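We've got the same protein chain twice here, in two forms, each standing alone as structure tokens: structure 1 and structure 2.
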Structure 1
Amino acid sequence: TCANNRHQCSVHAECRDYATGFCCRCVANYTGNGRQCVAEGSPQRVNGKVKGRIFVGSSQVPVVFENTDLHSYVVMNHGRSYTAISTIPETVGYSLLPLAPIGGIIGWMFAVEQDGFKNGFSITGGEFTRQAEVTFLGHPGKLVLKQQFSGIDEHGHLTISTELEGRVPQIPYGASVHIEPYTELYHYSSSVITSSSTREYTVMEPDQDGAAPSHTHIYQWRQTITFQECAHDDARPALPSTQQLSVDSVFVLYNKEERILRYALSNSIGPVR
């Protein structure tokens, strides 16, 4: 009951008792799932570590990195997520350029909410597990991604731990990548959200005299998002079975000098159109 476990709720939330138990709910002008809440229109930061074991192209020896930092910035209701990942080796930096979804999950979490639809943070409170896989059509193997989000920590930071393992095609040193606007469908069912999407991306050759023509490639993203929802509050409206994420203004960049990988994108969440 609340009298016993009010501390389980966010300080910016209200507690309510029910037959089988209690549930938390963010107060007016705050968004979240009750256990975690943030003020509307406020800037938020996400921090965590990144470790990987990635085979590039046809290499039989993987590039390994641990203790790499991930820092992301967003402003509630603006819809744009900016992610930086640094201490990323040049040996893998360019080949990770097409993987904007590494930071894209943060865009899903804070997408601009339209009509009667909720973004990732409203649904999970930033407490969830993301299992993702990506297959590059025409190339061997696949890349597996696992990310754990643990809510807002003692410092006020949202949290995210990232693990990457597998094989990705080789992208020429100094090349750049372009991704056009797209939409993704997120299906909900009993505390589980899934999505699968096949998209294309363009690779532009190294910016030097004689740069050859650009070329496109295709990959398929598959992901499963798991989390907990309060099992009480019978009079609780069910979440939509399907929500559409609209993505645009995508930018990806890798800088060899500072060895930093950057991803940026704009997001809106609403009905299927």
Structure 2
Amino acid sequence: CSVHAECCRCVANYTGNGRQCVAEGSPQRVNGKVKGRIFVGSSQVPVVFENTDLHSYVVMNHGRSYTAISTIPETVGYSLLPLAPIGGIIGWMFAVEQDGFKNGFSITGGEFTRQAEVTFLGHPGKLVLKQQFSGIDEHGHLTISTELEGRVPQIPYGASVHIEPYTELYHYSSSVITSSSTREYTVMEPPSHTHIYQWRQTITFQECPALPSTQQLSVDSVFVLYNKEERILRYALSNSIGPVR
């Protein structure tokens, strides 16, 4: 049990599950490592990177999370721009809660595994993602390990990418949460080009009035950026969890 919970359950002024608790309103950080094995376009030569750093800063106000993945080769940077969900999982974790609806942290305590798959329609292959979250560490920071492997279409160097607001349904059943969504994104050359991809997701965790079978996540103010100079991939978005309306 957490040093801020009773025997578990976080006491007033605090939130989370039993094993992990955080003060209400206070910002949080989610850090870890990223290993990649990505094939761009039709290429047969995969860009491999490892020991890369992921630092995440979340502000509680609007459930806004900022994710920065540093030391990303110019060879994959632009191509990874559409993959905001890599960092979006954290937005789900700390989404603004409505009436009778809890966010990911209240449900998992930051302890869980996530497996996601993405398919870009009209393009071969798919990209598989695997992440592990292990609660708060010795320095008081949440933890996250990320493993990416697969194929992604090619995006022109210097190209830009835009994502409009959207909603996602997270289904709950027996300590397992699943989600499936088809969305679109726009690519703008250094002239626009709209594209669509499909995301599938499975979240596994352990549990000690059951939870709603279905919750809706509302995402807006999304920004994805890649800087060739600093070689830093960034994803930022705001979040709200509640019922379909």
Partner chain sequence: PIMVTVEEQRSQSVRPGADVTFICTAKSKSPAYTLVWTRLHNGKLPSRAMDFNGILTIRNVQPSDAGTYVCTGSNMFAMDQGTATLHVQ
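Residues that one form lacks are left out of the comparison. One-based numbering along structure 1's sequence throughout. Throughout, rigid core stands for the largest set of C-alpha atoms superposing within 1.5 Å between the two forms.
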property	result
Structure number of the form deposited with the partner chain bound	1
Of the candidates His78, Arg199, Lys118, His187, the only Cα that travels 2 Å or more between the two structures, given a rigid-core fit	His78
For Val247, CA displacement between the two structures after the core is overlaid, in Å	0.4
Cα displacement of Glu154 between the two structures, core-superposed (Å)	1.1
Moved runs of 3+ residues, each with a C-alpha displacement of 2 angstroms or more between the two structures on the rigid core	75 to 78
